[PDB]
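Reviewing the structure listed below.
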Amino acid sequence: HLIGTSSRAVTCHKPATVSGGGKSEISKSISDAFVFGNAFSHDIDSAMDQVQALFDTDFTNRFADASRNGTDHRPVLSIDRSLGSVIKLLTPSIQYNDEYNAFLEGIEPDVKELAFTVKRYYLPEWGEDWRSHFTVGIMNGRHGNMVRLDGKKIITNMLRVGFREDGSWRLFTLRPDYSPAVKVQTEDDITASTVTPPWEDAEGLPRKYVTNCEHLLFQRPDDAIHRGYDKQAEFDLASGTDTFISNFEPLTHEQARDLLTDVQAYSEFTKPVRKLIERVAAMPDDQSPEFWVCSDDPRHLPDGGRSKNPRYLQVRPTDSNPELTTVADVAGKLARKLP
Amino acid sequence: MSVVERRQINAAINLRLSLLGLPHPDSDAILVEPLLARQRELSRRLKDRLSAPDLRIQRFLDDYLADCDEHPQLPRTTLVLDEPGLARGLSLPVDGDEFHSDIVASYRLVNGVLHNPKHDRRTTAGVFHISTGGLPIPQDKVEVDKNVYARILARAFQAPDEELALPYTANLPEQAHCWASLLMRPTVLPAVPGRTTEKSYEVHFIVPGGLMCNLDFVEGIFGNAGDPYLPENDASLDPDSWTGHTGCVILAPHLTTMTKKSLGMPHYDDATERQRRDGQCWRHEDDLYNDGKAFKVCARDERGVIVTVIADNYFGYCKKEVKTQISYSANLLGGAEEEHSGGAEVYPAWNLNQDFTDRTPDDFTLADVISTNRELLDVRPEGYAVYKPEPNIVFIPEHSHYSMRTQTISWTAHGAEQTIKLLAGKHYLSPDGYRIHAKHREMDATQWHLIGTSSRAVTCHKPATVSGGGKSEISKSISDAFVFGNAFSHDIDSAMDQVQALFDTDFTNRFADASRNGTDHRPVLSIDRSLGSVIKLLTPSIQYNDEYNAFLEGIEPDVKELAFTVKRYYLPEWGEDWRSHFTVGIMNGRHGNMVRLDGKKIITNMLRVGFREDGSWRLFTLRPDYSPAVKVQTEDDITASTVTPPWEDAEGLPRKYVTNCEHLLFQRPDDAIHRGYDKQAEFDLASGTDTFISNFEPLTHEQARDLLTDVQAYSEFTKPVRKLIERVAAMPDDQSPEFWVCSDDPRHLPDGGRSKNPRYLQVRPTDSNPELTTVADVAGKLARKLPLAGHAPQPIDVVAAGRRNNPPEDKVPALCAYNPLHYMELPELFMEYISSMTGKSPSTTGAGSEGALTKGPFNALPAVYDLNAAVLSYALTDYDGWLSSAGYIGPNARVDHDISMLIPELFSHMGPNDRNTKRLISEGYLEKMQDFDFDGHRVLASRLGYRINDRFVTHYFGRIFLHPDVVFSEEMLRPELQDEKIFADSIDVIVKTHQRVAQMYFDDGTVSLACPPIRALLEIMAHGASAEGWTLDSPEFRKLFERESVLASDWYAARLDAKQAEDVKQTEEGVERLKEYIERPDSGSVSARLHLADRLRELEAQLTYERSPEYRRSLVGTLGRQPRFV
Ligand SMILES: [Mg+2]
Ligand SMILES: [Mg+2]
């Protein structure tokens, strides 16, 4: 699919944030927080009948301003109607009548989600027949509930917003047209800033401009002890050769050869760490370096546990990914008619 | 291949072209030149001297064609391909990557070599021509006059220059024109210890240089026998491994422009009805031979020399001709068969979850395994051993404990508990061969479990299977067919409440044998109770009592599956709070329905069994403990087999032993055009660099770069093809090879479409995964208490022929009366084998026929030879004839090959007694097909034999599927419920085809050669009754097929008398051959090197034994030899 990225940056500043308030999280991409589910329907044929009736609805007289009614005649599956257009069309709005907003409230959330799904995947090659591409599977002769597109299950994107009291996740579906925002990190821990009138207009509203005083970030991969979870730290710690690492346990060649055949723990690491364990395990005992660090083994404390403050100097995201940084700079300059 | 290997082949090629005086590239030479000048001069003094194999061929032609206008003489000077690889290097220009002639387009590829012949497809209509003057000609073949054959064979050696041009020199200032020859030794009789020596016949391919790619093709399949001029390669000087038979194949596409008139064939007015039927006559003087269509002409008789000329270069003709000549040698040799079959040694496997304790019987100990093969074992101090020829095989003491959680194997030895690490990639063999290995799931590399594979092979054999009947699927692994779904629950709380109630059930008083009650007190979630135990615990069984099986039948299917899921994933760490570990997701504030283990969705294994009428897949859940059976492929297309008393017991019931005559498999990846679908083909076509590929489109570097940037198509390929496209895209324009082949782009046809016959030569699975083949052989020998070193063949266990079915269409006949699995007694089985009906090419009377045992187009001999030996291989062995269904079950239940994949898994989970058809019938698992009236006409449905019922499905498919009672609907088990008319029409088509095929045996008179069983069957098929008035129901007719009848018969002893007489004749000929050769004065040097002195004494010892009545008694239980060929 296509991703559209606005060139209009909304630069966010997260100051004066206590420990555990989420200072570094503001520049961390939300794509890794994605949870993937499927679409479930207790009765797909009764659901597609309401979707078909919803498609056959005359949406032209929906606006609160009378001058706007009778101007938009695009059907829902029209090529001239984007996926976002259909989402706004079926969302109660101030611009819509009470006649229409009351009608929108009466649509089942199961039906609204299926209507968006048909819109997302409709191909004009299908013509009038779109129901034949949306079925439910039959398992052991019994009808299933997971909606399928040409046999294949439909995959939905979700994010967690808090936990229930019983500990289970509160998952919520993202809009079909939502895509993770692109973040260009500008600050992490030590920030130098200034306030001036805007550099492009001395008579404008003053602004704050910041830079990062640090060229390497002193990261604490707390949850890297859970193999496969902290993907970034696992890549940072395994794929480098000059990484400054602190509060980790020094591991030996034989320890890497033992972990290589620890099939459970080995299969849980992300691919960068699995590669690192392979390379170390293949080293003869006379080949240097003598030690290596694994992302899931912090420094063993003499008491018995392990250090809760593992650390390493991380290359800044804008330097490890200079291309996307250039794209944002070029795009942001076009947005402001700047050379 | 490496650049070094390619320069060595080119160097060997240059030496041989220089010996023949032919032009060759100019690229130490001072060193070999005096040797070359010497060998040339020795060669011109002996010029036009024929090698020993060519002498047996030429002497045959000179005598067989003694009364003809022409007396064809073989090419006296040829380019002899005495080493493997030469034909590969010669089939492409030395300096270029592309070659074009009027018959082939050849390309050097990144992933191998590509050869597109003039015709992309094989045909059968009027293709097999047999010369008169030899053995009888079947009714379906084209009859060619002996004189016309001589004129054809004479013109076959008059080849034009363009056809003689080697591809090796196509870009050189001067080209090399020559004939090329390749000697091969294809297997005809397999080796069975103490029973038969592996015997092969000898074939000599003699083709013009422009057909070099055909020599590379057959050399890869059947091997290279070397320089035929050397005594080491003379089949007659080692007669114990020779069948006494010689084949010859000439390829001459230029024969397609012969006129019938120039060949002296009669005009249509002067020709007989057989000649008019066969096109062996002309009308206009411009009429081409065989009306321009492809053809091969063939001459052979009882002497054992078959000479075939093929006028088409499509590679299928070459391998099928070798198959024909192997079948020709088998019928003339006796005691052997050539089968159009696939097969595999199938070892059943189970998912053993996390913990398993070894259960080795008392007659199997590691102490005995060590002392029997201690020169092969490195005994470790902890008390286990490692197989030194393959260190990944590890022999574990009996009664050991396997744990996946702690990842250990523990036992007691040397008065101490021993613990070793359970490694992934090792094969832990119990003293009886039972294998434990660690594996992670396909959809979750972090989910690990133990796999247990039985060392007790159920060796499956799939013969007489028409095209589309699933012949190759018998050996394909069912792993890639797995469909993965999730666990579903309408209400997980109420379901877990019923599961907890189920766990707190008193299960100890469950048995029908009341003395077995009160003995098992293990809870459901006990460590001492296995996952399979819980499944057997909740599965209705005849071992349980009436009240308990009713209690089980009252368990809802969801609760039963959830109970198994709780048992599958339960951990003793959880204690008694297992409920909290199973929940459903809350999405948008609404409770979901996917059962989740600690938050993660549970993944379930499923298989498709057919399609609904709307096209949707019929998915069915597998038992948690089901794992795909291990399949060691043994056959595919060309099978040499024999029937002897078991090699471990001369008094035992005779068995069949098979081997594959092919070493590369000529695969046709039909569905490779659907990217990602055919994972095996896509891996084979992309991961290689030496693959022989045919009927694919040659692709350029630029086309790889365009495909690399086509995100949709590129992402749909499997990773191997994606990696190949990446590599070719990175290639500059100055880097060779210039071409490559993509698995989804077959050869583009001149008429717009693409070829439907894409082909490549596949390395056999037993050769591409040699470690697993070693594992099965070691495990199988331990299961039989045999030493690890030595040939230990496994007999066939199950014979499950496949059958293609189809619903009726406007011109296609109804062939859809069979249900998933039929059992046929010998009479009904051989009406199927004789007919081999298929909906493809349906004639005017019913349906089409592939001939007897599907060898119709691959048999130069009367089919009745095969039928006599085939009927004996079932009567002498008590082999049951099974018949699986493919394509359709009735007119409306399409199943494709879903059931073909299920048959090996089904039988592998059935023991010997389970598969015994006499108790299956008497216990109500097999229903006899009954005749019925329809529109006043009696529908003879009884010819279909027996079919499985739902009791068979519930009991034996219940060992694979979680809910077996729903895998097959009633319309699928009793297909007449779909449409009675279409069912009656199918039987009518079957009965009418039985008539047409059996009648051919009367038109050509070969029915007079049939044994009494086969003879009366043909009379019944063709006329409605035998000469004695017998129908299929008559007890006198059916008793002819019983074992005690054939053993006590005179026609069987006559086959055993003929067998002993022919073996004595071959040996005494081999004795006179060696005596003569050693008594030559100049042959003393080779007698010392080849140990011909010892070999002659072995022959004379073999001759005395073959003459004794002791050898005649050992022949009882074998197929014998055809007593008369006319
Ligand atoms: Mg700080
Ligand atoms: Mg075949």
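Ligands are numbered from 1 in the order shown, residues from 1 within each chain, and chains are lettered A, B, ... in the order they appear in the structure tokens.
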
Produce as a list in words the set of residues near ligand 1, where near means within 12 Å with only C-alpha atoms and all ligand atoms considered. residues 15, 16, 17, 18, 19, 20, 21, 22, 23, 24, 187, 188, 189, 190, 191, 214, 217, 218, 219 and 220 of chain A

Same residues, N, CA, C and O atoms, output as a PDB file, in the first residue's frame:
```pdb
ATOM      1  N   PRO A  15       9.846  18.382  28.171  1.00  0.00           N
ATOM      2  CA  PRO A  15      10.778  18.769  29.233  1.00  0.00           C
ATOM      3  C   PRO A  15      10.259  18.429  30.617  1.00  0.00           C
ATOM      4  O   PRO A  15       9.114  17.990  30.761  1.00  0.00           O
ATOM      5  N   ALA A  16      11.108  18.622  31.629  1.00  0.00           N
ATOM      6  CA  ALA A  16      10.713  18.593  33.040  1.00  0.00           C
ATOM      7  C   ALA A  16       9.883  17.355  33.368  1.00  0.00           C
ATOM      8  O   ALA A  16       8.844  17.424  34.030  1.00  0.00           O
ATOM      9  N   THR A  17      10.360  16.206  32.898  1.00  0.00           N
ATOM     10  CA  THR A  17       9.641  14.945  33.010  1.00  0.00           C
ATOM     11  C   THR A  17      10.380  14.039  33.984  1.00  0.00           C
ATOM     12  O   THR A  17      11.560  13.733  33.781  1.00  0.00           O
ATOM     13  N   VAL A  18       9.685  13.616  35.038  1.00  0.00           N
ATOM     14  CA  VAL A  18      10.289  12.826  36.104  1.00  0.00           C
ATOM     15  C   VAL A  18      10.629  11.432  35.592  1.00  0.00           C
ATOM     16  O   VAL A  18      10.217  11.041  34.492  1.00  0.00           O
ATOM     17  N   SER A  19      11.384  10.677  36.387  1.00  0.00           N
ATOM     18  CA  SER A  19      11.777   9.332  35.991  1.00  0.00           C
ATOM     19  C   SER A  19      10.544   8.454  35.818  1.00  0.00           C
ATOM     20  O   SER A  19       9.704   8.353  36.717  1.00  0.00           O
ATOM     21  N   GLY A  20      10.433   7.825  34.651  1.00  0.00           N
ATOM     22  CA  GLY A  20       9.249   7.060  34.332  1.00  0.00           C
ATOM     23  C   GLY A  20       8.101   7.872  33.779  1.00  0.00           C
ATOM     24  O   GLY A  20       6.998   7.334  33.632  1.00  0.00           O
ATOM     25  N   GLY A  21       8.317   9.152  33.483  1.00  0.00           N
ATOM     26  CA  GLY A  21       7.303   9.958  32.839  1.00  0.00           C
ATOM     27  C   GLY A  21       7.278   9.864  31.334  1.00  0.00           C
ATOM     28  O   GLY A  21       6.376  10.426  30.702  1.00  0.00           O
ATOM     29  N   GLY A  22       8.258   9.182  30.740  1.00  0.00           N
ATOM     30  CA  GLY A  22       8.263   8.919  29.314  1.00  0.00           C
ATOM     31  C   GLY A  22       9.037   9.919  28.482  1.00  0.00           C
ATOM     32  O   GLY A  22       8.580  10.318  27.408  1.00  0.00           O
ATOM     33  N   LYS A  23      10.222  10.312  28.952  1.00  0.00           N
ATOM     34  CA  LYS A  23      11.000  11.333  28.255  1.00  0.00           C
ATOM     35  C   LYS A  23      11.494  10.830  26.900  1.00  0.00           C
ATOM     36  O   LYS A  23      11.256  11.467  25.867  1.00  0.00           O
ATOM     37  N   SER A  24      12.181   9.683  26.883  1.00  0.00           N
ATOM     38  CA  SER A  24      12.698   9.136  25.631  1.00  0.00           C
ATOM     39  C   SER A  24      11.603   8.579  24.730  1.00  0.00           C
ATOM     40  O   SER A  24      11.817   8.472  23.517  1.00  0.00           O
ATOM     41  N   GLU A 187      16.165  15.454  20.571  1.00  0.00           N
ATOM     42  CA  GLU A 187      16.696  15.591  21.918  1.00  0.00           C
ATOM     43  C   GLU A 187      16.364  14.331  22.703  1.00  0.00           C
ATOM     44  O   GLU A 187      15.391  13.638  22.401  1.00  0.00           O
ATOM     45  N   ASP A 188      17.187  14.041  23.711  1.00  0.00           N
ATOM     46  CA  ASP A 188      16.995  12.842  24.518  1.00  0.00           C
ATOM     47  C   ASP A 188      17.147  13.129  26.008  1.00  0.00           C
ATOM     48  O   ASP A 188      16.254  12.803  26.796  1.00  0.00           O
ATOM     49  N   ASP A 189      18.266  13.733  26.412  1.00  0.00           N
ATOM     50  CA  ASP A 189      18.531  13.899  27.838  1.00  0.00           C
ATOM     51  C   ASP A 189      19.179  15.241  28.169  1.00  0.00           C
ATOM     52  O   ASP A 189      18.827  15.868  29.173  1.00  0.00           O
ATOM     53  N   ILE A 190      20.131  15.685  27.351  1.00  0.00           N
ATOM     54  CA  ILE A 190      20.838  16.945  27.569  1.00  0.00           C
ATOM     55  C   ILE A 190      20.538  17.855  26.384  1.00  0.00           C
ATOM     56  O   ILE A 190      21.064  17.647  25.284  1.00  0.00           O
ATOM     57  N   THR A 191      19.705  18.868  26.608  1.00  0.00           N
ATOM     58  CA  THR A 191      19.220  19.743  25.550  1.00  0.00           C
ATOM     59  C   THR A 191      19.688  21.169  25.795  1.00  0.00           C
ATOM     60  O   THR A 191      19.579  21.680  26.915  1.00  0.00           O
ATOM     61  N   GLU A 214      24.408  15.811  23.237  1.00  0.00           N
ATOM     62  CA  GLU A 214      25.040  14.504  23.215  1.00  0.00           C
ATOM     63  C   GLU A 214      25.068  13.956  21.796  1.00  0.00           C
ATOM     64  O   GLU A 214      24.092  14.078  21.049  1.00  0.00           O
ATOM     65  N   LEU A 217      23.961   8.301  22.985  1.00  0.00           N
ATOM     66  CA  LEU A 217      22.927   8.242  24.009  1.00  0.00           C
ATOM     67  C   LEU A 217      23.217   7.106  24.981  1.00  0.00           C
ATOM     68  O   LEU A 217      23.421   5.962  24.565  1.00  0.00           O
ATOM     69  N   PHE A 218      23.225   7.431  26.274  1.00  0.00           N
ATOM     70  CA  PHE A 218      23.531   6.478  27.341  1.00  0.00           C
ATOM     71  C   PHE A 218      22.240   5.747  27.700  1.00  0.00           C
ATOM     72  O   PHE A 218      21.541   6.069  28.664  1.00  0.00           O
ATOM     73  N   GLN A 219      21.923   4.737  26.895  1.00  0.00           N
ATOM     74  CA  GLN A 219      20.660   4.028  27.026  1.00  0.00           C
ATOM     75  C   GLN A 219      20.729   2.968  28.119  1.00  0.00           C
ATOM     76  O   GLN A 219      21.776   2.363  28.368  1.00  0.00           O
ATOM     77  N   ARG A 220      19.587   2.740  28.770  1.00  0.00           N
ATOM     78  CA  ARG A 220      19.427   1.676  29.760  1.00  0.00           C
ATOM     79  C   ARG A 220      18.376   0.695  29.254  1.00  0.00           C
ATOM     80  O   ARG A 220      17.168   0.904  29.454  1.00  0.00           O
TER      81      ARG A 220
END
```

Compute the set of protein, DNA and RNA residues whose minimum atom distance to ligand 2 is at most 12 Å, using only C-alpha atoms and all ligand atoms, and state it as a ChimeraX atom specification. /B:122,316-324,338-342,463-472,635-639,662,665-668,850,853-858

Suppose we keep N, CA and C atoms; can you now write the selection as a tab-separated table (two decimals), in the first residue's frame?
```tsv
chain	number	residue	atom	x	y	z
B	122	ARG	N	4.88	-34.13	-25.10
B	122	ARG	CA	4.88	-35.51	-25.54
B	122	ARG	C	3.48	-35.88	-26.04
B	316	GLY	N	11.26	-36.30	-22.83
B	316	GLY	CA	10.42	-37.36	-22.29
B	316	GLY	C	10.49	-38.64	-23.10
B	317	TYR	N	10.67	-38.53	-24.42
B	317	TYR	CA	10.79	-39.72	-25.26
B	317	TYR	C	12.02	-40.54	-24.88
B	318	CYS	N	13.13	-39.88	-24.57
B	318	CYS	CA	14.36	-40.60	-24.28
B	318	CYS	C	14.24	-41.42	-23.00
B	319	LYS	N	13.76	-40.80	-21.92
B	319	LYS	CA	13.62	-41.54	-20.66
B	319	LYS	C	12.53	-42.59	-20.75
B	320	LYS	N	11.46	-42.33	-21.50
B	320	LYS	CA	10.41	-43.33	-21.63
B	320	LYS	C	10.85	-44.49	-22.51
B	321	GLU	N	11.78	-44.25	-23.44
B	321	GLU	CA	12.31	-45.35	-24.23
B	321	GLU	C	13.17	-46.27	-23.38
B	322	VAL	N	13.98	-45.70	-22.48
B	322	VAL	CA	14.74	-46.53	-21.56
B	322	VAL	C	13.80	-47.33	-20.67
B	323	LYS	N	12.72	-46.70	-20.20
B	323	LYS	CA	11.70	-47.42	-19.45
B	323	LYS	C	11.16	-48.58	-20.26
B	324	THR	N	10.86	-48.33	-21.54
B	324	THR	CA	10.37	-49.38	-22.42
B	324	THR	C	11.36	-50.54	-22.51
B	338	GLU	N	8.86	-54.37	-14.33
B	338	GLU	CA	9.05	-52.93	-14.49
B	338	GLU	C	7.70	-52.28	-14.26
B	339	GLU	N	7.64	-51.37	-13.30
B	339	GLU	CA	6.37	-50.78	-12.87
B	339	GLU	C	6.39	-49.28	-13.09
B	340	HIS	N	5.25	-48.75	-13.53
B	340	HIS	CA	5.03	-47.31	-13.61
B	340	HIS	C	4.41	-46.89	-12.28
B	341	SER	N	5.28	-46.73	-11.27
B	341	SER	CA	4.81	-46.57	-9.91
B	341	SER	C	5.69	-45.61	-9.13
B	342	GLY	N	5.10	-45.05	-8.07
B	342	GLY	CA	5.84	-44.35	-7.04
B	342	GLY	C	5.67	-45.07	-5.71
B	463	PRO	N	1.30	-48.30	-7.69
B	463	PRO	CA	1.46	-48.64	-9.11
B	463	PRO	C	0.22	-48.35	-9.94
B	464	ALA	N	0.34	-48.55	-11.25
B	464	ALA	CA	-0.80	-48.54	-12.17
B	464	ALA	C	-1.69	-47.32	-11.95
B	465	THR	N	-1.06	-46.16	-11.78
B	465	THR	CA	-1.75	-44.92	-11.47
B	465	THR	C	-1.75	-44.03	-12.70
B	466	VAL	N	-2.94	-43.73	-13.21
B	466	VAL	CA	-3.09	-42.92	-14.42
B	466	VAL	C	-2.58	-41.51	-14.15
B	467	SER	N	-2.35	-40.75	-15.22
B	467	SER	CA	-1.93	-39.36	-15.07
B	467	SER	C	-3.00	-38.57	-14.31
B	468	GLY	N	-2.58	-37.88	-13.26
B	468	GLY	CA	-3.50	-37.18	-12.39
B	468	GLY	C	-3.97	-37.98	-11.19
B	469	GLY	N	-3.56	-39.23	-11.07
B	469	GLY	CA	-3.94	-40.07	-9.96
B	469	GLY	C	-3.09	-39.93	-8.72
B	470	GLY	N	-2.05	-39.09	-8.76
B	470	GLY	CA	-1.25	-38.80	-7.59
B	470	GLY	C	-0.11	-39.77	-7.35
B	471	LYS	N	0.57	-40.18	-8.42
B	471	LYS	CA	1.63	-41.17	-8.28
B	471	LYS	C	2.80	-40.64	-7.45
B	472	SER	N	3.22	-39.40	-7.71
B	472	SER	CA	4.36	-38.84	-6.98
B	472	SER	C	3.99	-38.34	-5.59
B	635	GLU	N	10.45	-44.88	-5.05
B	635	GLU	CA	10.11	-44.96	-6.46
B	635	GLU	C	9.45	-43.66	-6.89
B	636	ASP	N	9.34	-43.47	-8.21
B	636	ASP	CA	8.68	-42.28	-8.74
B	636	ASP	C	8.03	-42.54	-10.09
B	637	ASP	N	8.76	-43.15	-11.02
B	637	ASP	CA	8.25	-43.31	-12.38
B	637	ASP	C	8.69	-44.63	-13.00
B	638	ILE	N	9.98	-44.95	-12.92
B	638	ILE	CA	10.55	-46.16	-13.52
B	638	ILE	C	11.05	-47.04	-12.39
B	639	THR	N	10.35	-48.14	-12.14
B	639	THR	CA	10.60	-48.99	-10.98
B	639	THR	C	10.95	-50.40	-11.44
B	662	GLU	N	15.74	-44.50	-11.85
B	662	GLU	CA	16.11	-43.12	-12.13
B	662	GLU	C	16.89	-42.54	-10.96
B	665	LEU	N	14.83	-37.01	-11.21
B	665	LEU	CA	13.39	-37.10	-11.44
B	665	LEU	C	12.95	-35.98	-12.37
B	666	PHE	N	12.28	-36.34	-13.46
B	666	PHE	CA	11.86	-35.39	-14.48
B	666	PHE	C	10.53	-34.78	-14.04
B	667	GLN	N	10.62	-33.77	-13.18
B	667	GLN	CA	9.44	-33.18	-12.57
B	667	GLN	C	8.79	-32.16	-13.50
B	668	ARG	N	7.48	-32.02	-13.36
B	668	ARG	CA	6.70	-31.01	-14.08
B	668	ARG	C	5.97	-30.14	-13.07
B	850	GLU	N	-4.98	-45.94	-20.45
B	850	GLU	CA	-3.52	-45.83	-20.48
B	850	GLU	C	-2.84	-47.17	-20.69
B	853	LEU	N	-1.68	-51.68	-16.66
B	853	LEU	CA	-0.79	-51.16	-15.62
B	853	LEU	C	-0.23	-49.79	-15.99
B	854	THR	N	-0.99	-49.02	-16.77
B	854	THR	CA	-0.62	-47.70	-17.29
B	854	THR	C	0.66	-47.72	-18.11
B	855	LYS	N	1.07	-48.89	-18.61
B	855	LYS	CA	2.28	-49.02	-19.42
B	855	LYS	C	1.99	-49.13	-20.91
B	856	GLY	N	0.74	-48.89	-21.32
B	856	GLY	CA	0.35	-48.96	-22.70
B	856	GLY	C	1.29	-48.26	-23.67
B	857	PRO	N	1.57	-46.97	-23.44
B	857	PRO	CA	2.50	-46.24	-24.32
B	857	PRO	C	3.97	-46.52	-24.05
B	858	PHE	N	4.32	-47.34	-23.06
B	858	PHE	CA	5.71	-47.60	-22.72
B	858	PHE	C	6.04	-49.09	-22.77
```

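When atom CA of residue 893 of chain B is paired with atom CA of residue 485 of chain B, their separation reads 23.4 Å.
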
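Within 6 Å of chain A, chain B contributes the residues residues 446, 587, 588, 619 and 620 of chain B, using only C-alpha atoms.
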
Based on DSSP run over this structure's backbone, return all residues of segment 790-1037 of chain B in strand (DSSP E), as a PyMOL selection string. chain B and resi 798-804+821-824+837-838+848-849+881-889+893-896+926-928+932-934+937-939+946-948

Need to verify the contact set: residue 605 of chain B, 8 Å, only C-alpha atoms, exclusion of same-chain residues closer than 2 positions in sequence. Can you return it as a short mmCIF file (atom, residue, chain, number, x, y, z; two decimals) with N, CA and C atoms, in the first residue's frame?
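So selection-v9.cif came out as:
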```cif
data_model
loop_
_atom_site.label_atom_id
_atom_site.label_comp_id
_atom_site.auth_asym_id
_atom_site.auth_seq_id
_atom_site.Cartn_x
_atom_site.Cartn_y
_atom_site.Cartn_z
N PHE B 482 0.08 -28.33 5.53
CA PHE B 482 -0.51 -27.87 6.78
C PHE B 482 -1.09 -26.47 6.62
N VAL B 483 -2.34 -26.31 7.05
CA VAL B 483 -2.99 -25.01 7.16
C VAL B 483 -3.12 -24.69 8.64
N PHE B 484 -2.66 -23.51 9.03
CA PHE B 484 -2.59 -23.13 10.44
C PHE B 484 -3.71 -22.17 10.79
N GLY B 485 -4.48 -22.52 11.81
CA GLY B 485 -5.54 -21.66 12.30
C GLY B 485 -5.40 -21.39 13.78
N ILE B 603 -2.02 -21.57 18.22
CA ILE B 603 -1.93 -21.94 16.81
C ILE B 603 -2.28 -23.41 16.68
N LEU B 607 -5.64 -29.56 8.07
CA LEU B 607 -5.44 -30.02 6.70
C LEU B 607 -6.74 -29.85 5.94
N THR B 621 -9.22 -30.02 11.85
CA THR B 621 -8.15 -29.92 12.82
C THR B 621 -7.47 -31.27 13.03
N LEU B 622 -6.14 -31.26 13.06
CA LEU B 622 -5.38 -32.45 13.40
C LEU B 622 -5.28 -32.60 14.91
N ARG B 623 -5.10 -33.84 15.35
CA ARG B 623 -4.85 -34.10 16.76
C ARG B 623 -3.60 -33.36 17.22
N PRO B 624 -3.56 -32.92 18.47
CA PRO B 624 -2.35 -32.22 18.95
C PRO B 624 -1.09 -33.05 18.82
#
```

Would you mind listing what lies within 10 Å of segment 111-127 of chain A as a count of residues only, with only C-alpha atoms counted and same-chain residues fewer than 2 positions away left out? 43

At a cut-off of 9 Å, using only C-alpha atoms, what residues contact segment 126-133 of chain B? Leave out same-chain residues fewer than 3 positions from it and give the result as an NGL selection string. :B and (64-65 or 123 or 136-137 or 140-149 or 278-279 or 290 or 293-301 or 308 or 857-860)

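Within the 12 Å cut-off around residue 703 of chain B, using only C-alpha atoms and omitting residues fewer than 5 positions from it on the same chain, the listed residues are residues 697, 698, 708, 709, 710, 725, 726, 728, 729, 730, 731, 738, 739, 740, 741, 742 and 745 of chain B.
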
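The neighbours of segment 221-233 of chain A here are the residues that come within 9 Å of it, using only C-alpha atoms and leaving out any residue fewer than 6 positions away in the same chain; they are residues 32, 265, 266, 267, 268, 269, 270, 271, 295, 296, 297, 298, 308, 309, 310, 311, 312 and 314 of chain A.
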
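The residue that comes closest to residue 970 of chain B, out of B:901, B:989, B:537, B:948 and on the basis of only C-alpha atoms, is B:948.
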
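Here the question is which of A:300, A:336, A:148, A:28 gets nearest to residue 181 of chain A using only C-alpha atoms, and that residue is A:28.
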
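Separating atom CA of residue 1088 of chain B from atom CA of residue 79 of chain B is a distance of 29.3 Å.
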